[PDB]
Protein chains: 2
Amino acid sequence: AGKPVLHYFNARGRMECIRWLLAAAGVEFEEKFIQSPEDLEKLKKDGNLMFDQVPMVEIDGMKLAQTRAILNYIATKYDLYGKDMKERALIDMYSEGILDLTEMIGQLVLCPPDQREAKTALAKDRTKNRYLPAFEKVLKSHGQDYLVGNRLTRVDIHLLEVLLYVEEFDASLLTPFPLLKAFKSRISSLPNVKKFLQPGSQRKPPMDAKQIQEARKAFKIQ
Amino acid sequence: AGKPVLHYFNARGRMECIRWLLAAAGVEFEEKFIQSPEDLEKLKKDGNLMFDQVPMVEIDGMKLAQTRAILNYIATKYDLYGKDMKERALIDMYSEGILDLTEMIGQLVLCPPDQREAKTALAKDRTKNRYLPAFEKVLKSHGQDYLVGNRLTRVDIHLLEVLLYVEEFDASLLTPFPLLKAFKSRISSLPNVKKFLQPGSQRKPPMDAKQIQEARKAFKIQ
Ligand SMILES: N[C@@H](CCC(=O)N[C@@H](CS[C@H]1c2c(cc3ccc4cccc5ccc2c3c45)C(=O)C(=O)[C@@H]1O)C(=O)NCC(=O)O)C(=O)O
Ligand SMILES: N[C@@H](CCC(=O)N[C@@H](CS[C@H]1c2c(cc3ccc4cccc5ccc2c3c45)C(=O)C(=O)[C@@H]1O)C(=O)NCC(=O)O)C(=O)O
């Protein structure tokens with residue numbers, strides 16, 4: 001049970017939020033990449049994936065599948081899940097909004113070409129008029145350095161991570177939000193985070209059109 | 001307040017799992033139905049919704065949004081979340097597969113006719129070959145009456161609810177699973193569950209495509 005083992009393709013996808021959480025907690029981990037459909041098949045057939053899906057993480061003797069379940073477990077284990085019921089409620093509400101924002105932006109690459117522009121316009125609108133203002137408001141409401149409980153929790157990490165993708169999506173979206181900029185800088189300066197951001201870490205890059213098309217093809221899954 | 005207040009459309013949607021969890025816990029609740037676009041606009045403008053979305057539940061001084069955030073809080077508050085992080089890891093993984101199954105079947109009524117048939121076949125294949133076998137397997141792995149910790153938890157309620165939707169979708173899907181059939185009757189027999197299953201409770205009915213198109217027309221939500 002030394003280092004947790006992360007089962008996923010060699011890409012961000014749904015496993016990146018988990019890599020971010022482990023890195024932030026300073027927890028060393030290994031990765032076993034699914035490079036071929038045959039790799040994915042073996043995992044399923046061997047009974048390692050409860051729903052024949054990844055993310056799957058081997059940790060503390062479990063074969064834990066489902067992103068949210070992996071995150072909640074890691075967050076609790078390393079005291080990054082607040083101190084009680086009420087703090088976890090704020091943490092979960094904020095985190096679900098961030099996961100929604102992450103999916104809205106990330107799914108654009110899979111949109112049918114004829115729907116892509118409209119979907120992209122809607123995503124930019126939601127990002128700048130619904131999500132960014134919501135988080136800027138949280139920070140303003142209490143003036144604290146962290147989102148919840150005046151101390152670092154998993155959602156501070158989730159927010160930094162999604163702001164990076166917002167910056168990749170459209171850098172002008174962040175301009176109107178001073179507190180979030182300040183927050184991004186603060187979280188980025190934490191030792192474990194800075195280290196994960198530097199070149200050479202297990203942090204993953206975005207995938208380009210050709211890659212996406214090629215990878216999604218060889219595996220074929222509806 | 002005293003009784004939690006559930007803000008949602010008069011329909012199942014994302015709020016139904018919450019009505020179920022509360023009903024099961026024997027906690028009485030009230031509902032404030034969103035019956036028109038104006039109702040929804042009012043809720044937003046008055047500062048009720050963190051991300052201008054429902055579900056939103058008023059409980060213990062919070063105006064809590066995000067389905068999962070609401071479910072996690074209620075489950076913890078009423079001792080339906082197991083006893084430790086390891087039981088919660090199983091409860092969470094199970095719950096997420098159930099939510100995935102619910103969405104997969106629920107989405108069908110929004111598939112354009114030239115896509116619905118194939119999407120329906122996929123949903124049935126996934127239900128009987130991926131999802132149901134997974135839960136039948138958990139029940140067989142310990143031979144106990146409940147999914148986790150040999151005690152009623154939130155996931156036994158989530159599993160009963162989704163079994164109802166699978167039964168509405170295609171009853172013959174359940175026949176090959178004797179343990180799931182026995183589990184269904186057992187959970188259905190619990191006092192609070194029996195109360196919620198009987199006529200006149202706050203449980204909600206399904207909505208055909210016709211009903212969907214109609215309602216989802218008046219609001220013109222993107
Ligand atoms: N609610 C669950 C969801 C789990 C889930 O969907 N997992 C996917 C991989 S992630 C994602 C996904 C799928 C297919 C592929 C196929 C090739 C591929 C190559 C390189 C990187 C990724 C990254 C993500 C991904 C996929 C790839 C597509 O399944 C979907 O589009 C998923 O959204 C999977 O294992 N698919 C195998 C299969 O169903 O039999 C959770 O949160 O954990
Ligand atoms: N991750 C979050 C998701 C929250 C969420 O998506 N909420 C939706 C309602 S649920 C669902 C939804 C939408 C629109 C409508 C519009 C009319 C409508 C009438 C009667 C019943 C439902 C049931 C669901 C529903 C909708 C209706 C469509 O938004 C989507 O399709 C949603 O998936 C909403 O409030 N939309 C208002 C808006 O964005 O401004 C969570 O789990 O809590």
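Both backbone and side-chain heavy atoms feed into the values below; hydrogens, waters and symmetry mates do not. Chain A is the first sequence line, chain B the second, and so forth, proteins listed ahead of strands; every chain is numbered from 1.
- Within the 6.0 Å centre-distance limit, the rings of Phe135(B) and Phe51(A) are counted as a close aromatic pair.
- Partners of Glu58(B) according to the side-chain hydrogen bond (donor to acceptor under 3.5 Å, both in side chains) rule, which considers only residues two or more places apart in sequence or in another chain, are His7(B).
- With hydrogens and angles ignored, the 3.5 Å screen pairs no side-chain donor or acceptor of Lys86(B) with any backbone N or O of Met62(A).
- For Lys119(B), no part lies under 4.5 angstrom from a heavy atom of chain A.
- Of all non-hydrogen atoms in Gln66(A) and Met93(B), the two that sit nearest each other are CG-O, 3.5 Å.
- Every pair tested for side-chain hydrogen bond (donor to acceptor under 3.5 Å, both in side chains) that includes a residue from residues 108-117 of chain A fails, sequence neighbours excluded, so the list is empty.
- When all heavy atoms of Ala89(A) and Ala69(B) are compared, the pair lying nearest together is O-CB, 4.0 Å.
- Here CG of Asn72(B) is found 6.5 Å from CG of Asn72(A). Values are rounded to the nearest 0.5 Å.
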Only pairs under 3.5 Å count here: list side-chain donor-acceptor contacts from residues 214-222 of chain B, not counting sequence neighbours, and write none if there are none.
from: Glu214(B); atom 1: OE1; to: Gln211(B); atom 2: NE2; distance (Å): 3.2
from: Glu214(B); atom 1: OE2; to: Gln211(B); atom 2: NE2; distance (Å): 2.9

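- Side-chain contact between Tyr73(A) and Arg88(B) is absent, with no heavy atoms from C-beta onward closer than 4.5 Å.
- For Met50(B), the parts lying under 4.5 angstrom from a heavy atom of chain A are both the backbone and the side chain.
- Only the side chain of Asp100(B) has a heavy atom closer than 4.5 Å to any heavy atom of chain A.
- The distance from the CG atom of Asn129(A) to the CG atom of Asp52(B) is 10.0 Å, given to the nearest 0.5 Å.
- A distance of 10.0 Å separates CG in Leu71(B) from CG in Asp92(A), rounded to the nearest 0.5 Å.
- Contact annotation for residues 138-165 of chain A against chain B (heavy-atom separation below 4.5 Å, listed by residue number): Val138(A).
- Between chain A and the options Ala118(B), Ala134(B), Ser95(B), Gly61(B), the largest number of non-hydrogen pairs under 4.5 Å is found for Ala134(B).
- When all heavy atoms are compared, the tightest approach of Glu96(B) to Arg68(A) is OE1-CG, 3.4 Å.
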